[PDB]
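Participant: Here you go, model32.pdb (PDB, C-alpha atoms):
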```
ATOM      1  CA  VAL I 109     -39.621  54.781  76.050
ATOM      2  CA  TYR I 110     -38.562  52.751  73.077
ATOM      3  CA  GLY I 111     -35.808  51.336  75.248
ATOM      4  CA  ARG I 112     -38.263  49.822  77.700
ATOM      5  CA  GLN I 113     -40.284  48.315  74.879
ATOM      6  CA  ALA I 114     -37.227  46.892  73.113
ATOM      7  CA  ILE I 115     -36.226  45.053  76.290
ATOM      8  CA  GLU I 116     -39.676  43.518  76.732
ATOM      9  CA  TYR I 117     -39.501  42.496  73.118
ATOM     10  CA  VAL I 118     -36.016  40.963  73.583
ATOM     11  CA  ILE I 119     -37.128  39.052  76.691
ATOM     12  CA  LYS I 120     -40.319  37.858  74.973
ATOM     13  CA  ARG I 121     -38.329  36.695  71.951
ATOM     14  CA  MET I 122     -35.929  34.733  74.119
ATOM     15  CA  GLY I 123     -38.979  33.405  75.993
ATOM     16  CA  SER I 124     -40.342  32.027  72.711
ATOM     17  CA  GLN I 125     -37.453  29.510  72.718
ATOM     18  CA  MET I 126     -38.537  28.074  76.042
ATOM     19  CA  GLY I 127     -37.525  24.419  76.143
ATOM     20  CA  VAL I 128     -35.181  24.556  73.172
ATOM     21  CA  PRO I 129     -32.342  22.262  74.246
ATOM     22  CA  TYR I 130     -28.963  23.471  75.440
ATOM     23  CA  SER I 131     -26.276  23.161  72.780
ATOM     24  CA  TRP I 132     -22.633  24.141  73.321
ATOM     25  CA  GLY I 133     -21.641  26.467  70.496
ATOM     26  CA  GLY I 134     -25.265  26.585  69.355
ATOM     27  CA  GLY I 135     -27.341  29.569  68.266
ATOM     28  CA  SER I 136     -27.682  32.013  65.373
ATOM     29  CA  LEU I 137     -29.180  35.462  64.959
ATOM     30  CA  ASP I 138     -32.468  33.884  63.773
ATOM     31  CA  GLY I 139     -32.794  30.892  66.075
ATOM     32  CA  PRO I 140     -31.263  27.695  67.411
ATOM     33  CA  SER I 141     -28.498  26.096  65.336
ATOM     34  CA  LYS I 142     -26.271  23.081  65.708
ATOM     35  CA  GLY I 143     -23.505  23.707  68.200
ATOM     36  CA  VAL I 144     -20.048  22.159  68.136
ATOM     37  CA  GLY I 145     -18.362  19.523  70.274
ATOM     38  CA  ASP I 146     -21.116  17.645  72.118
ATOM     39  CA  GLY I 147     -23.470  20.300  70.699
ATOM     40  CA  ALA I 148     -22.814  18.942  67.205
ATOM     41  CA  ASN I 149     -26.009  16.893  67.324
ATOM     42  CA  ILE I 150     -28.278  19.388  69.074
ATOM     43  CA  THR I 151     -30.109  22.233  67.315
ATOM     44  CA  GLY I 152     -30.280  24.708  70.178
ATOM     45  CA  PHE I 153     -28.647  27.474  72.167
ATOM     46  CA  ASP I 154     -25.824  27.926  74.595
ATOM     47  CA  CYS I 155     -26.096  30.723  77.129
ATOM     48  CA  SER I 156     -24.392  33.489  75.178
ATOM     49  CA  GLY I 157     -26.094  32.251  71.994
ATOM     50  CA  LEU I 158     -29.589  32.834  73.413
ATOM     51  CA  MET I 159     -28.692  36.322  74.640
ATOM     52  CA  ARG I 160     -27.349  37.200  71.214
ATOM     53  CA  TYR I 161     -30.386  35.880  69.417
ATOM     54  CA  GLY I 162     -32.690  37.830  71.724
ATOM     55  CA  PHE I 163     -30.986  41.192  71.123
ATOM     56  CA  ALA I 164     -30.740  40.555  67.379
ATOM     57  CA  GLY I 165     -34.530  40.799  67.470
ATOM     58  CA  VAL I 166     -34.315  44.541  68.111
ATOM     59  CA  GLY I 167     -31.358  44.964  65.800
ATOM     60  CA  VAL I 168     -28.548  45.124  68.337
ATOM     61  CA  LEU I 169     -25.667  42.787  67.570
ATOM     62  CA  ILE I 170     -23.730  41.692  70.665
ATOM     63  CA  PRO I 171     -20.613  39.506  70.704
ATOM     64  CA  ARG I 172     -20.612  35.691  70.476
ATOM     65  CA  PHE I 173     -18.684  35.075  73.668
ATOM     66  CA  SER I 174     -20.173  35.818  77.104
ATOM     67  CA  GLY I 175     -16.813  37.299  78.144
ATOM     68  CA  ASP I 176     -17.069  39.881  75.387
ATOM     69  CA  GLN I 177     -20.810  40.301  75.989
ATOM     70  CA  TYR I 178     -19.717  41.280  79.492
ATOM     71  CA  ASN I 179     -18.013  44.382  78.085
ATOM     72  CA  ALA I 180     -20.676  45.159  75.454
ATOM     73  CA  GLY I 181     -22.613  47.696  77.522
ATOM     74  CA  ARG I 182     -22.419  49.568  80.802
ATOM     75  CA  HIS I 183     -21.510  47.776  84.025
ATOM     76  CA  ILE I 184     -24.224  47.952  86.653
ATOM     77  CA  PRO I 185     -23.813  47.321  90.404
ATOM     78  CA  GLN I 186     -25.822  44.347  91.819
ATOM     79  CA  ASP I 187     -28.074  46.723  93.825
ATOM     80  CA  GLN I 188     -29.112  48.607  90.685
ATOM     81  CA  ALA I 189     -29.890  45.384  88.850
ATOM     82  CA  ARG I 190     -32.779  45.805  86.425
ATOM     83  CA  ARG I 191     -35.068  43.659  84.286
ATOM     84  CA  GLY I 192     -33.194  43.456  80.970
ATOM     85  CA  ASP I 193     -29.750  43.548  82.605
ATOM     86  CA  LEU I 194     -27.391  40.664  81.668
ATOM     87  CA  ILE I 195     -26.095  38.503  84.538
ATOM     88  CA  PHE I 196     -22.648  36.972  84.386
ATOM     89  CA  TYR I 197     -20.837  34.069  86.043
ATOM     90  CA  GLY I 198     -17.086  33.312  86.219
ATOM     91  CA  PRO I 199     -14.106  35.736  85.952
ATOM     92  CA  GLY I 200     -15.029  38.558  83.584
ATOM     93  CA  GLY I 201     -18.186  36.581  82.798
ATOM     94  CA  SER I 202     -16.314  33.827  80.987
ATOM     95  CA  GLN I 203     -18.548  30.997  82.248
ATOM     96  CA  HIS I 204     -22.270  31.873  82.077
ATOM     97  CA  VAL I 205     -24.571  34.630  80.982
ATOM     98  CA  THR I 206     -28.297  34.954  81.703
ATOM     99  CA  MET I 207     -31.040  37.550  81.320
ATOM    100  CA  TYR I 208     -32.388  39.235  84.461
ATOM    101  CA  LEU I 209     -36.202  39.155  84.486
ATOM    102  CA  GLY I 210     -36.426  41.205  87.656
ATOM    103  CA  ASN I 211     -37.793  39.626  90.816
ATOM    104  CA  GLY I 212     -34.899  37.243  91.406
ATOM    105  CA  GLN I 213     -35.620  35.299  88.222
ATOM    106  CA  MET I 214     -33.420  34.873  85.198
ATOM    107  CA  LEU I 215     -33.718  33.392  81.717
ATOM    108  CA  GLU I 216     -30.923  31.057  80.653
ATOM    109  CA  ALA I 217     -30.126  28.375  78.105
ATOM    110  CA  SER I 218     -28.612  25.812  80.460
ATOM    111  CA  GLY I 219     -31.110  24.943  83.170
ATOM    112  CA  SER I 220     -31.700  21.490  84.634
ATOM    113  CA  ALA I 221     -32.872  19.345  81.708
ATOM    114  CA  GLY I 222     -30.440  21.341  79.575
ATOM    115  CA  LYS I 223     -33.101  23.557  78.046
ATOM    116  CA  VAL I 224     -33.931  27.227  77.800
ATOM    117  CA  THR I 225     -35.791  27.978  81.018
ATOM    118  CA  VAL I 226     -36.593  30.322  83.912
ATOM    119  CA  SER I 227     -34.556  30.045  87.129
ATOM    120  CA  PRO I 228     -34.045  31.846  90.421
ATOM    121  CA  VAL I 229     -30.874  33.930  90.284
ATOM    122  CA  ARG I 230     -27.876  31.999  91.652
ATOM    123  CA  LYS I 231     -25.123  33.417  93.897
ATOM    124  CA  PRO I 232     -21.982  31.254  93.486
ATOM    125  CA  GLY I 233     -19.609  32.522  90.813
ATOM    126  CA  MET I 234     -21.537  35.633  89.890
ATOM    127  CA  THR I 235     -19.365  38.422  88.484
ATOM    128  CA  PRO I 236     -19.554  41.753  90.402
ATOM    129  CA  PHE I 237     -21.385  43.670  87.667
ATOM    130  CA  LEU I 238     -24.348  43.092  85.405
ATOM    131  CA  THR I 239     -24.169  44.481  81.871
ATOM    132  CA  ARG I 240     -26.824  46.796  80.419
ATOM    133  CA  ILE I 241     -27.026  46.654  76.623
ATOM    134  CA  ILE I 242     -30.150  48.785  76.167
ATOM    135  CA  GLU I 243     -30.201  52.015  78.196
ATOM    136  CA  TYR I 244     -33.959  52.466  78.633
TER     137      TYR I 244
END
```
Just give me the structure as structure tokens.

Facilitator:
Amino acid sequence: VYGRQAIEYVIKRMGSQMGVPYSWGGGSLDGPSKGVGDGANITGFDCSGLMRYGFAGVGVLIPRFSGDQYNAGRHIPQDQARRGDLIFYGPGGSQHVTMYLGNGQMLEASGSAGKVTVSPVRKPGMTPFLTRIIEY
């Protein structure tokens, strides 16, 4: 499917920003941008910002805020979690959002060393549902 290929593309595109620093409020549709607050001096990505930039690469525009990204596709139960599914943290996903790589790995903007990186999926705070944007 084209859906499966779009997701690989999205993931790969996000992956191309590996190491780009974390920046609160940072991110555009075309790449890292200066954030705001303490992000004012860093040209990078916050969590939701990376996600957005990734999906922009296949032409899908998702909201700026992880809480609204949470409601931007279909809610998936943890046990149906799929590579390409968005992972949320905090009530209604208001705190963090990351990309599920499959295999208990995720891609996220704020990893130790405040950079885009690959981490094991974490349990504390995780919202009940993932969100599928692309229905491959």

Participant: Give as a PyMOL selection string the residues that the PyMOL selection byres ((chain I and resi 215) around 8) matches when applied to the coordinates above.

Facilitator: chain I and resi 123+206-209+213-214+216-217+224-227

Participant: So, counting only C-alpha atoms, which residue among I:166, I:218, I:229, I:204 is closest to residue 110 in chain I?

Facilitator: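 Closest to residue 110 in chain I of all the choices is I:166.
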
Participant: Can you list what the PyMOL selection byres ((chain I and resi 168) around 12) grabs from this structure, as a list in words?

Facilitator: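 Going through the file, the PyMOL selection byres ((chain I and resi 168) around 12) ends up selecting residues 111, 114, 115, 118, 137, 159, 160, 161, 162, 163, 164, 165, 166, 167, 169, 170, 171, 177, 180, 181, 241 and 242 of chain I.
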
Participant: Need the neighbours of (-13.1, 34.6, 79.3): which residues are at most 12 Å away, counting only C-alpha atoms, as a PyMOL selection string?

Facilitator: chain I and resi 172-179+196-205+235

Participant: Between I:222, I:192, I:232, I:134, which is the closest to residue 154 in chain I once you count all atoms listed in the file?

Facilitator: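 Smallest separation from residue 154 in chain I among the options: I:134.
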
Participant: Just give me the residues with any atom within 10 Å of (-18.2, 44.2, 90.8), file coordinates, counting only C-alpha atoms, written as a PDB file with C-alpha atoms, in the frame of the given file.

Facilitator:
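result.pdb written:
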```pdb
ATOM      1  CA  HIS I 183     -21.510  47.776  84.025  1.00  0.00           C
ATOM      2  CA  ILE I 184     -24.224  47.952  86.653  1.00  0.00           C
ATOM      3  CA  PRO I 185     -23.813  47.321  90.404  1.00  0.00           C
ATOM      4  CA  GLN I 186     -25.822  44.347  91.819  1.00  0.00           C
ATOM      5  CA  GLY I 200     -15.029  38.558  83.584  1.00  0.00           C
ATOM      6  CA  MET I 234     -21.537  35.633  89.890  1.00  0.00           C
ATOM      7  CA  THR I 235     -19.365  38.422  88.484  1.00  0.00           C
ATOM      8  CA  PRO I 236     -19.554  41.753  90.402  1.00  0.00           C
ATOM      9  CA  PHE I 237     -21.385  43.670  87.667  1.00  0.00           C
ATOM     10  CA  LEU I 238     -24.348  43.092  85.405  1.00  0.00           C
TER      11      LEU I 238
END
```

Participant: Once the PyMOL selection byres ((chain I and resi 144) around 9) has been evaluated on this model, what residues remain selected, and can you format them as a PDB file with C-alpha atoms, keeping the file's coordinate frame?

Facilitator:
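Printed below is result22.pdb as written:
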```
ATOM      1  CA  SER I 131     -26.276  23.161  72.780  1.00  0.00           C
ATOM      2  CA  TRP I 132     -22.633  24.141  73.321  1.00  0.00           C
ATOM      3  CA  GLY I 133     -21.641  26.467  70.496  1.00  0.00           C
ATOM      4  CA  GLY I 134     -25.265  26.585  69.355  1.00  0.00           C
ATOM      5  CA  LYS I 142     -26.271  23.081  65.708  1.00  0.00           C
ATOM      6  CA  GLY I 143     -23.505  23.707  68.200  1.00  0.00           C
ATOM      7  CA  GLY I 145     -18.362  19.523  70.274  1.00  0.00           C
ATOM      8  CA  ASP I 146     -21.116  17.645  72.118  1.00  0.00           C
ATOM      9  CA  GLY I 147     -23.470  20.300  70.699  1.00  0.00           C
ATOM     10  CA  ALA I 148     -22.814  18.942  67.205  1.00  0.00           C
ATOM     11  CA  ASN I 149     -26.009  16.893  67.324  1.00  0.00           C
ATOM     12  CA  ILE I 150     -28.278  19.388  69.074  1.00  0.00           C
TER      13      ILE I 150
END
```

Participant: If I wrap all listed atoms of range 189-194 of chain I in a box with edges along x, y and z and add 6 Å on each side, what are its centre and edge lengths in Å to one decimal, as JSON?

Facilitator:
```
{"center_x": -31.2, "center_y": 43.2, "center_z": 84.9, "size_x": 19.7, "size_y": 17.1, "size_z": 19.9}
```

Participant: Interatomic distance between CA of residue 136 in chain I and CA of residue 189 in chain I?

Facilitator: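 Going from CA of residue 136 in chain I over to CA of residue 189 in chain I, I get 27.1 Å.
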
Participant: Please indicate the distance in Å from CA of residue 212 in chain I to CA of residue 138 in chain I, rounded to one decimal place.

Facilitator: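 So the answer is 27.9 Å.
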
Participant: If you measure from CA of residue 228 in chain I to CA of residue 240 in chain I, what distance in Å do you get, rounded to one decimal?

Facilitator: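 Value for the CA of residue 228 in chain I-CA of residue 240 in chain I distance: 19.4 Å.
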
Participant: When distances are computed from only C-alpha atoms, which of I:190, I:182, I:121, I:223 shows the smallest separation from residue 139 in chain I?

Facilitator: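 Looking only at the distances to residue 139 in chain I, the closest residue turns out to be I:121.
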
Participant: Out of I:239, I:231, I:141, I:116, which residue has the shortest atom-to-atom distance to residue 194 in chain I when counting only C-alpha atoms?

Facilitator: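 Closest to residue 194 in chain I of all the choices is I:239.
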
Participant: Which one of I:157, I:219, I:210, I:233 sits closest to residue 127 in chain I if you count all atoms listed in the file?

Facilitator: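 Looking at the shortest contact to residue 127 in chain I, the residue is I:219.
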
Participant: Kindly indicate which residue among I:243, I:156, I:109, I:221 lies nearest to residue 128 in chain I, using only C-alpha atoms for the distances.

Facilitator: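 Among the listed residues, the smallest separation from residue 128 in chain I belongs to I:221.
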
Participant: Using the partial input, fill out range 141-165 of chain I with N, CA and C atoms; write the result as a compact mmCIF listing (two decimals), keeping the file's coordinate frame.

Facilitator:
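Once written, out-v1.txt looks like this:
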```txt
# COMPACT_ATOMS: atom_id res chain seq x y z
N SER I 141 -29.30 26.71 66.39
CA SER I 141 -28.50 26.10 65.34
C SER I 141 -27.70 24.99 66.00
N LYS I 142 -27.17 24.09 65.19
CA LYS I 142 -26.27 23.08 65.71
C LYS I 142 -25.08 23.74 66.37
N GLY I 143 -24.71 23.25 67.54
CA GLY I 143 -23.50 23.71 68.20
C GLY I 143 -22.31 22.94 67.68
N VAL I 144 -21.28 22.83 68.51
CA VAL I 144 -20.05 22.16 68.14
C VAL I 144 -19.61 21.35 69.34
N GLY I 145 -18.66 20.43 69.18
CA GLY I 145 -18.36 19.52 70.27
C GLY I 145 -19.59 18.65 70.56
N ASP I 146 -19.95 18.47 71.82
CA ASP I 146 -21.12 17.64 72.12
C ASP I 146 -22.42 18.29 71.62
N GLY I 147 -22.34 19.58 71.27
CA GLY I 147 -23.47 20.30 70.70
C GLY I 147 -23.69 20.01 69.22
N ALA I 148 -22.79 19.22 68.64
CA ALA I 148 -22.81 18.94 67.20
C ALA I 148 -24.12 18.29 66.75
N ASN I 149 -24.79 17.60 67.68
CA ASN I 149 -26.01 16.89 67.32
C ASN I 149 -27.28 17.58 67.79
N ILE I 150 -27.13 18.67 68.52
CA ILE I 150 -28.28 19.39 69.07
C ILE I 150 -28.53 20.77 68.46
N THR I 151 -29.72 20.95 67.88
CA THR I 151 -30.11 22.23 67.32
C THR I 151 -30.68 23.08 68.44
N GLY I 152 -29.84 23.90 69.06
CA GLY I 152 -30.28 24.71 70.18
C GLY I 152 -29.50 25.98 70.45
N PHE I 153 -29.24 26.22 71.73
CA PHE I 153 -28.65 27.47 72.17
C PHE I 153 -27.69 27.18 73.29
N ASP I 154 -26.53 27.84 73.32
CA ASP I 154 -25.82 27.93 74.60
C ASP I 154 -26.19 29.26 75.23
N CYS I 155 -25.63 29.56 76.39
CA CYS I 155 -26.10 30.72 77.13
C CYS I 155 -25.92 32.01 76.34
N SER I 156 -24.69 32.28 75.92
CA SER I 156 -24.39 33.49 75.18
C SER I 156 -25.16 33.54 73.85
N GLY I 157 -25.35 32.38 73.23
CA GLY I 157 -26.09 32.25 71.99
C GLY I 157 -27.53 32.72 72.09
N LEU I 158 -28.20 32.41 73.20
CA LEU I 158 -29.59 32.83 73.41
C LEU I 158 -29.66 34.36 73.55
N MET I 159 -28.82 34.88 74.44
CA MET I 159 -28.69 36.32 74.64
C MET I 159 -28.53 37.04 73.32
N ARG I 160 -27.62 36.54 72.48
CA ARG I 160 -27.35 37.20 71.21
C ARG I 160 -28.57 37.20 70.35
N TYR I 161 -29.20 36.04 70.23
CA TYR I 161 -30.39 35.88 69.42
C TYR I 161 -31.50 36.83 69.88
N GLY I 162 -31.71 36.91 71.18
CA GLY I 162 -32.69 37.83 71.72
C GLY I 162 -32.49 39.27 71.27
N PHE I 163 -31.29 39.80 71.47
CA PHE I 163 -30.99 41.19 71.12
C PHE I 163 -31.01 41.46 69.62
N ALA I 164 -30.68 40.43 68.83
CA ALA I 164 -30.74 40.56 67.38
C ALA I 164 -32.15 40.95 66.95
N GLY I 165 -33.14 40.53 67.74
CA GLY I 165 -34.53 40.80 67.47
C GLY I 165 -34.90 42.27 67.48
```
